[PDB]
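Understanding the architecture of this molecule
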Amino acid sequence: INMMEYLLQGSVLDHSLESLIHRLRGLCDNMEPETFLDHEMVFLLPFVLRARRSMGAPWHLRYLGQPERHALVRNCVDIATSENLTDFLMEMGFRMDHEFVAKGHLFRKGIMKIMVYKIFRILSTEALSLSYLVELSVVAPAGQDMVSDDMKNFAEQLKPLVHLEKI
Amino acid sequence: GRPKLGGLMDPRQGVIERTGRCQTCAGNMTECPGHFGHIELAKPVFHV
Amino acid sequence: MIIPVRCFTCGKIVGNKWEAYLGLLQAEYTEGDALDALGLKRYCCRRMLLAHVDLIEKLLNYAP
Amino acid sequence: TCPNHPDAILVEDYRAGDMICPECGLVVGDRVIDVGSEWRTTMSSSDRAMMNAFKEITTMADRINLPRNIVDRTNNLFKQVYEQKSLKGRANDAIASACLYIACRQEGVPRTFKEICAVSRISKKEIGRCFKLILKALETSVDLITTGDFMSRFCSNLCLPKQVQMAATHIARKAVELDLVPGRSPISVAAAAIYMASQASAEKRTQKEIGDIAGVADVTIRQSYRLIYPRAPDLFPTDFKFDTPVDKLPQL
Amino acid sequence: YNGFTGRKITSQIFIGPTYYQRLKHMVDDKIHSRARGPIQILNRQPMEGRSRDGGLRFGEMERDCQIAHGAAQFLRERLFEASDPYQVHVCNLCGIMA
Amino acid sequence: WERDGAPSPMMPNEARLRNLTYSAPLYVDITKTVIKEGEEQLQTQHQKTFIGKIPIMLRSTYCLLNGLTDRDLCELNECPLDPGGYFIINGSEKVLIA
Amino acid sequence: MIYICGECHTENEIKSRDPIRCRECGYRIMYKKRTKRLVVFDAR
Amino acid sequence: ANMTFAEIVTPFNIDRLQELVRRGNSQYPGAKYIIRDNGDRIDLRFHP
Amino acid sequence: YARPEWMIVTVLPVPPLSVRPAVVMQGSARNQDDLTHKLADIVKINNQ
Amino acid sequence: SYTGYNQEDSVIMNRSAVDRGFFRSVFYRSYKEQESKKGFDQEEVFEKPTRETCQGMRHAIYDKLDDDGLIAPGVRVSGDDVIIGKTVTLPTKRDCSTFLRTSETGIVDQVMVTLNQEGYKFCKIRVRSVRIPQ
Ligand SMILES: [Zn+2]
Ligand SMILES: [Zn+2]
Ligand SMILES: [Zn+2]
Ligand SMILES: [Zn+2]
Ligand SMILES: [Zn+2]
C-alpha cells in the first residue's frame, strides 16, 4: 500500500507566532506540545531522498515523487530505518549536497499535522529565514478528494494569521 | 505536423488521435460526439 | 497411409500382418485364404487388410 | 492515461480493443484500439510524366526479365531524382534508364551500360551521364562492380556448365587478385576468363559469341585473354577437369 | 446386445461394413462467439478482430420475429444496446444537438 | 529468370512454392522491309524476337512434365496421379472452366 | 540459423543480411531445420 | 466462458459474486469485468 | 423550420472528425477520408 | 436407434475406434508473408522485434520466433502467438508481425524462405493441427 500526502505551506513572522502558537494549540486537540529538533539531509543519485535524525528515535527517511483541487500531492513512501543509514547511502553511491536542521513546534489533529519551524543552515547553526513555516501534511493511502476537502475548512480557520497556499 | 486551428483537421471539431481529447468538450474519442465546422462561401452556391 | 496398428472396431493387433498378407498374396493365396491364414476371423479385422491402401510405399519414392 | 496512475503505460488488448492500466486493470477507453487494423493477423503534368516514366521502366525491365523488386527500386529512385529536379533538362527516358542501372547496382545484380542501352532507346553515353548526375543528386554511391557479378548471367546466356562457370569466376577473381589485368574493365576481364574456361572445357565458345553476350568486342576479349594466358595454370581451379589441357589452350 | 445392460435387443439390427467419408466441415472451424468485442471506426458496430468474434447479424427477419413476439425491450437491446449503444446531449428548444 | 538474369528451367513445384507463373517465352520471326523510294528495298529478318510469355498448362506437350515417366515425376516431386490440365499463376493452380 | 537446401538437402548457416541461397547448390528454396526445443506428444 | 452476463451486486449475491471475481476469467465459471458505480470497467485478468 | 433562402448554400457545414475519421495505412501514413479530400478541394476553390 | 443421439440425420461414433485413429485427420494451414522494400523509407524486414525498439507492440510473447523473425518447425503454436515477426520502418519501426487464428492450435510443420516472382523475400509456414473426430 502506497499513500500520497496533502500538504501546503506558509510562513509566519516572529511577532505573529506568539499569537499563532496559542491559536493553533487551542483550535486543535493536544496537550503540552513538544519542541522537535531534527537534522535533515537530501540525497541525489533524480530520486531526491530526505533522511531525518531527531534529537533517540531512529533515522526516518522519506521520498516525495513528482506532484500529481486546492492541494499539492505527490506520491510518498516513508520508511523508518535504523542507525548508520548515512554511511549506508554512501556505499549506495548517493551524494549529499546540503543538510539543514529544523527547529520548532508541531501540533496534531484527527489526521492532519501542523508543524511550525524555521530552517537552519549548517556549515554552526544559522537562521536561513527570520519567519517560520507551517504546513498541513496529511498522510492517507489511496488519496481521494474527500480528505483534501477537510483541509480547506481548517485552512480557512487559520486564514487570518497566515494565508497559505501550495507552490 | 500538429493540428492547426482553421484547418480541415481542426482540433475543435473533435478528437484526432485515440489517446487525445478535443479542446471543446474535453472528451475522449468514445465520449466526444464530434463538433461541426463551417466554410464561408464567397459566392452563394446551389444545393444539388 | 500405413497399416493401422489396431483394428478400429475391436482393437485386435493388425499392424504386424501387412507384410505377411502381401507375402501370402505373392505366394498366390486368395485374399480370403490369406486373411484366414493370418487368423483374421472377424470381418471387422478382415476389413483392415482388405481395404487398406499402402500410400507410404509411394510416399517413400520422394527424396527426403 | 489512467486517472489514478500518473504516467502509467496502458497495455493494449485485442479481445475488446481497449487500453487497460496493468496495475489496476481499469479500462481506459471502451473500444478505442481498433484491433481490426492494429492486428494484421485532369492528371497533373508532373504526375503524368512520372506515370509515363514508370511505364517505360516496366517495359525496359521486362525486356531483360528484371524482377519487380528492382523495378520498384528504380521507381523510387526516379521519383527522388524527378522531384529533386537537377536533371529536369535531361530526357525522362535517359533518367529512367540510369535509375534502372543504379537500381540493379544497388540490388547487387549489376547490368552493363550496354545491356541497359540494348533495352533503352537512350544511348550508352547519355545513360552514363544521367547516371553520374543522378548519383550526385542523390548524394549516394554504388559499390564497385566485380568480375563475379556478371559471371552468372554471361555463363547462363552462353549455356555453359556450372563447372565452367565456376572456373571462369575463379579465373577472373584470381586474375584481379594477381593484378594481371590492371585498368581493364571488369566486363572485359570476365569475358576473357569465360573464353579461357570455355576453351579449356568441352563446351567451347567463340570470341564472337562471348563478345555478343558480354557486350565486349572480340579484340578487347583478345587483349584481356592475352594478358591472363601466361598464368592460366595458376588461374585455373585446382580440381578442374581439363578437356583441353591448359598447355594446349588457344594462343592468341 | 445392449452395451449398458448386456440384454439382447428385441429387434435384430442391420449391421455391416459401409464406406463413410469425413467431410471438411468440422465444428472446430465453425464455432465462434462474440461478447463485448471490437468495433469498427465509423459505425462503432461489431467487427471480427483477432478472432471469430465478429458477432451475428440481427437481420430484418429477426427484427420482425421479435416484433411478433412483442419483446420490445429485447429488440431494443439487440439493435441498440448490444450493437452500438450511444448517448447524446440535445437542446430542448432546438432539436439539433450541440 | 533469377535476379542476376540467369535463365533456368522452372519446375511446376518450384513455381507453386515460389509463387511464380508457369509461363513459356514466346518468340516471333519478324521481317522488316524498308522501301526508300531509291529503287532498292532492304529486307532484314529478326529471328526469334521475344514478344511475351504464355502460361503453360501442366502435363501438356509444352510442359516440362511431358513424356516423363512416373519415376521422373517422383524425382521432380510431382504426383504421377496428378492429371495436370491447369495453370500455375502466381503459384495458384488455376483451372479454366469450359 | 541453419537452413536446409530444398534440392540437395545441405545445411548452411545464414544471417539476417546475406541472401537466402544454397552455398554450393545455388538453389533458392530453403527450409528451416527442426527446432531444438523438445515438444511432448501424448500418444493418444 | 467467452459470453458474460452483468449481475448487479446485492447483499443476496455479494458473496457469490465475490467468489466468482476471485475465480476470475482464468477458470470457468468466473467473471471478466467489474463495473463500479462510477461506470468504469476493470479487467480482472489484467488485475488479479 | 424551412425558409426557401436557406436552400441556397452560403455557409457549408464541415462534418466532424468522427464522421470522416482519418485512417492509418502502411505504417503512419494518415489516409485522409474522401470527405477530407473534397473539403480540401472546396477550401482551395473558396480561397481562390 | 440406440440412445436417440443419432436422431435427425445424426450419428453415434465409437469412441474406442476414434481413439484407434478412426477417421483421424491432419489439417495443414499455410501462411505466406512477404517483405517488401516499397516506398521511399517504408521497408519490411523479417526479425524478432523488441518491446521498446518498435513504435508499438503487443502483449503476445515473441520468444517463439528465431533471430530471423521466423518460428522454427516443431514449435507448438496457439492463439495470440507470433509466427512471423515483421517490422516496417516508420516514415522507429512499427510492428508488422502476423498472428494465427485464436481457435487454431497446431504445430509449425514446415517453414520455407524464398524469393517470390517479384524477387522479394517471403516465407511460407505450414502449421499442422490434428483433428480427432468429435
Ligand atoms: Zn468534443
Ligand atoms: Zn476387429
Ligand atoms: Zn490504473
Ligand atoms: Zn438549442
Ligand atoms: Zn543445394
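Residues numbered from 1 in each chain as written, not as in the entry; some residues may be left out. Chains lettered and ligands numbered in written order. Part of a larger assembly, values for the part shown. Heavy atoms only, no water.

- Its PDB header names cryo-EM as the technique used to obtain the model and reports a resolution of 4.5 Å.

1. So, the coordination of the zinc ion (ligand 3)
Residues and elements named next belong to chain D.
- For the zinc ion (ligand 3), the protein coordination sphere consists of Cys2 (SG), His5 (ND1), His5 (NE2), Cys21 (SG) and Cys24 (SG), at 2.1 to 2.4 Å.
- Motif for the zinc ion (ligand 3), donor spacing along one chain: C-x2-H-x15-C-x2-C. Of this pair, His5 sits in the segment before strand 1 (11-12) while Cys21 is found in the loop between strand 2 (19-20) and strand 3 (27-28), placing the two residues 16 residues apart along the sequence.
- For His5, a relative accessible area of 11% puts it in the buried group. (Donors = N, O, S within 2.8 Å, 3.2 Å for Na, K, Ca; no water. Helix = DSSP H or I, 4+ residues; strand = E, 2+ residues; numbered from the N terminus. Buried < 20%, exposed > 50% of the residue type's maximum accessible area, 1.4 Å probe, protein only.)

2. Quick look at the coordination of the zinc ion (ligand 1)
Residues and elements named next belong to chain B.
- Note on the zinc ion (ligand 1): its protein donors are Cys22 (SG), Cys25 (SG), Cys32 (SG) and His35 (NE2). The metal-donor distances range over 2.0 to 2.3 Å.
- Geometry at the zinc ion (ligand 1) is tetrahedral, judged from the four donor atoms that bind it and their angles of 104 to 112° at the metal.
- Along the chain, the residues donating to the zinc ion (ligand 1) are arranged with the sequence spacing C-x2-C-x6-C-x2-H. With respect to class, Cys32 is no different from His35; both count as buried. (Tetrahedral: all angles 85-135°; square planar, octahedral: opposite > 155°, others 65-115°.)

3. Digging into the sheet that holds strand 6 (residues 93-95) of chain J
Residue and element names in this part refer to chain J.
- The strand order 2-5-6 describes an open sheet built from three strands, whose pairing is antiparallel. Looking at strand neighbours, the two that pair on one side only are strand 2 (44-46) and strand 6, the edges of this open sheet. Taken pair by pair, the neighbouring strands of this sheet meet at an average axis angle of 30°, ignoring direction.
- Direction of pairing for strand 2 relative to strand 5 (residues 86-89): antiparallel, over a ladder of three bridges. Residue pairing for strand 5: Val45 is matched across the bridge by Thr87. (Pairing = 2+ DSSP bridges. Axes fitted to C-alpha atoms, helices over the stretch in contact; angles between N-to-C directions.)

4. Things to note about the arrangement of the chains
- No other pair among the 22 pairs of chains in contact exceeds the contact count of chains B and I.
- One finds no contact between chain B and chain H; the C-alpha atoms of the two approach each other to within 13 Å at their closest.
- Chain B makes no contact with chain J; the smallest distance between any of their C-alpha atoms is 13 Å. (Contact = heavy atoms within 4.5 Å.)

5. Some remarks on helix 3 (residues 145-158) of chain A
Residues and elements named next belong to chain A.
- When the terminal C-alpha atoms of helix 3 are compared, their 21 Å separation across 14 residues agrees well with the 20 Å that a helix rising 1.5 Å per residue should span.
- Those residues of helix 3 that fall on the buried side of the exposure criterion are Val147, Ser148, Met151, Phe154, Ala155 and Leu158. The arc enclosing the buried residues of helix 3, seen along the axis, measures out at 115°, which places them on a common side. Away from its buried face by more than 90 degrees, helix 3 exposes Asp145, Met146, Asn153 and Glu156.
- Where helix 3 is buried, its residues meet helix 1 (14-27) and strand 8 (113-122). (Expected span 1.5 Å × (residues − 1). Arc of directions from axis to C-beta.)

6. Observations concerning the side chain of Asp34 of chain D
- Counting through the fold element by element, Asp34 of chain D comes out in the loop between strand 3 and helix 1 (35-38).
- Despite its burial, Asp34 of chain D pairs with no opposite charge, the nearest such side chain being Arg18 of chain B at 6.9 Å.
- Excluding residues within four positions of it along the chain, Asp34 of chain D makes contact with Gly17 of chain D together with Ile41 and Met47 of chain E. (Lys, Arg positive; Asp, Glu negative; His and termini not counted. Salt bridge = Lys/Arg side-chain N within 4 Å of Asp/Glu carboxyl O.)

7. A few points about the domain arrangement of chain D
Residue and element names in this part refer to chain D.
- The domains assigned to chain D are domain 1 (44-141) and domain 2 (142-249).
- Of note, the centres of domain 1 and domain 2, computed from C-alpha atoms alone, are 30 Å apart.
- Each partner contributes residues to the interface: domain 1 has 12 residues there, and domain 2 has 10 residues.
- Summed over both sides, the interface between domain 1 and domain 2 buries roughly 890 Å², with carbon and sulfur atoms accounting for 58% of that surface.
- In terms of surface lost to domain 2, no three residues of domain 1 exceed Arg105, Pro110 and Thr112, which account for 55% of the buried area on that side.
- For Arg153, the salt bridge goes to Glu115, with nearest N and O atoms at 2.8 Å. (Domains from an automatic or database assignment. Buried area = accessible area lost by both parts, 1.4 Å probe.)

8. Some remarks on the interface of chain I and chain B
- Each side of the interface is counted separately: chain I has 20 residues, and chain B has 22 residues.
- In total, chain I and chain B occlude about 1800 Å² of area from one another, counting both sides; carbon and sulfur atoms represent 65% of this.
- Three residues stand out in chain I for area buried against chain B, namely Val9, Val14 and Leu17 of chain I, and they jointly supply 30% of the buried area on that side.
- For the pair chain I and chain B, the number of links is zero salt bridges.
- Scanning the region where chain I abuts chain B turns up nine residue pairs in polar contact.
- Going through the elements one at a time, strand 1 (9-14) and helix 1 (34-47) of chain I are the ones with two or more residues in the side of chain I that touches chain B. (Polar contact = N/O pair within 3.5 Å; in protein donor to acceptor, adjacent residues only side chain to side chain.)

9. Things to note about the packing of aromatic side chains
- Per the stated rule, a full pass over the model turns up 21 aromatic pairs over all chains.
- When the ring of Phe36 of chain A is compared with that of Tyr117 of chain A, the centres are 6.2 Å apart and the planes differ by 90°; the resulting orientation is edge-to-face.
- Note on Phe36 of chain A: relative accessible area 10%, which makes it buried.
- One aromatic cluster in this structure is built from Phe47, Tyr63 and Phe94 of chain A.
- Its guanidinium or amino end placed over the ring of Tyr14 of chain D, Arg50 of chain E lies 4.2 Å from that ring's centre, counting from NZ or CZ.
- Sitting over the face of the ring of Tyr28 of chain J, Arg126 of chain J holds its NZ or CZ atom 4.9 Å from the ring centroid. (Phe/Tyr/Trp six-rings, centres within 6.5 Å; stacked < 30°, edge-to-face > 60°. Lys NZ or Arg CZ within 6 Å of the ring centre and 35° of its normal.)

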